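Here we start with a single chain on its own, the form deposited in one PDB entry, put down as C-alpha cells.
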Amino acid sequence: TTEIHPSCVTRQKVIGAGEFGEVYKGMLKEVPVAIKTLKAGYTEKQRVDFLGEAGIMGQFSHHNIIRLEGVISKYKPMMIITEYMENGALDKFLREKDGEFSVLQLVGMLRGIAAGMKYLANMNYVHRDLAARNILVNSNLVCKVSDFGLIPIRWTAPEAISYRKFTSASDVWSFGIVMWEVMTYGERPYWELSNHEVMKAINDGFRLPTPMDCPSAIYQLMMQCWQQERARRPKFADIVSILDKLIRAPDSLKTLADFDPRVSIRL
C-alpha cells in the first residue's frame, strides 16, 4: 500500500457513513477521491478490519475494481483514499435515471461488473456482498466493484443462507440478482415479500420473473445464475464470455423475453 501525507488530503463534504464513521468526497495532491476515516478510540478489531480493507484493495489492479489511491496510517485519524466515482452507487443511480439508457449500455454495465468479479474470483477473493448498492459508477458509465473487507437475504445464494457456504459460486447467484437490478433500473428484488417469504419461494423453485424489455439471452443467463445446485451455475469466465459475445453481435440483444403483465388494459 502507498502511504499518503495528511497535508495532501482535503476533505470537502460528507457523502455517507459506515462501520468506521464518516465517508467524504475530497481532493488528493490534483484528483478527486473518496475518503473513509477511522477516529480515535478505535478498537484493535476495527484497526485490523480498516487496514485489512485497504490491504485487500491494494492487492488488486483491474478496470472494474475500485482503485486504492493510498492510506493514511502514520497519522490520526487514519484514512482509506479511493478513486472518486462521480455517479455514486449503481442502485441509486439506476433509480434516478430510469429508462435513460440503451439495452446495449445496460448490458455493457453488466459485462464490466462480470469482468471485475471474474478477476476477484480468480484472485481467490469471495465478495459475499455483491449487489448494485456495492458497485460504483464513473462518468464513463464504468461500473466498479466496491465494498471490500475481512448481507441481505434476497441477494444471497441458498447455500450461503442455509449453512454459511460463501464461494465464488454464491457470488454468481448474487450477480444474477445484480443483472435483474440493472435491467429493471433498480427494482427491489422480490418486491414486498419478506425475507422468510423469499427463501420459501426460492426453495419452492420460484425465481424472479423477466424484467420488461429484457433480452431473452440476458434473462436466460440470470436464470442460470440461480440454479439451486451450486455446481450447475456458470463460472464468471462463462458469464464474461457470453456477455462479450452478445455485445459484439448486438442484434442478438433485440430478441426479448416475454414479459408477464400484472395488469390488463382492455380498449
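Numbering starts at 1 and follows the sequence shown. Each form is matched to the other, and the largest set of C-alpha atoms that superpose within 1.5 Å is called the rigid core.
Omission of residue 151 is seen in a third or more of the other entries compared for this protein where the adjacent residues are built. Per the record, residue 29 and residue 30 are separated by 4 to 9 deposited residues that have no coordinates.
Per the record, residue 150 and residue 151 are separated by 10 or more deposited residues that are missing from the model.
The mean Cα B-factor in the deposited entry runs higher for 45-53 than for the other of 45-53 and 215-223.
Remark: stretch with higher mean C-alpha B factor among 9-17 and 246-254 is 9-17. Note on the listed residues 77, 158, 99, 186: the highest Cα temperature factor in the record is that of 77. Of all the options 207, 63, 233, 39, the entry's greatest CA B-factor is assigned to 39.
Residue-level temperature factors show residue 239 in the lowest third of its chain, judged at the C-alpha atom. Placement of the Cα temperature factor of residue 143 within the chain: lowest third of the modelled residues, per the deposited record. The PDB entry assigns residue 84 a C-alpha temperature factor belonging to the highest third of its chain's modelled residues. Ranked against the other modelled residues of its chain, the C-alpha B-factor of residue 73 as given in the entry falls in the highest third.
Keep in mind the form deposited in another entry is missing from the figure; the text below concerns it.
With the core superposed, residue 49 shows a C-alpha displacement of at least 2 Å between the shown form and the other one.
After superposing the rigid core, the C-alpha of residue 177 moves by less than 2 Å between the shown form and the other one.
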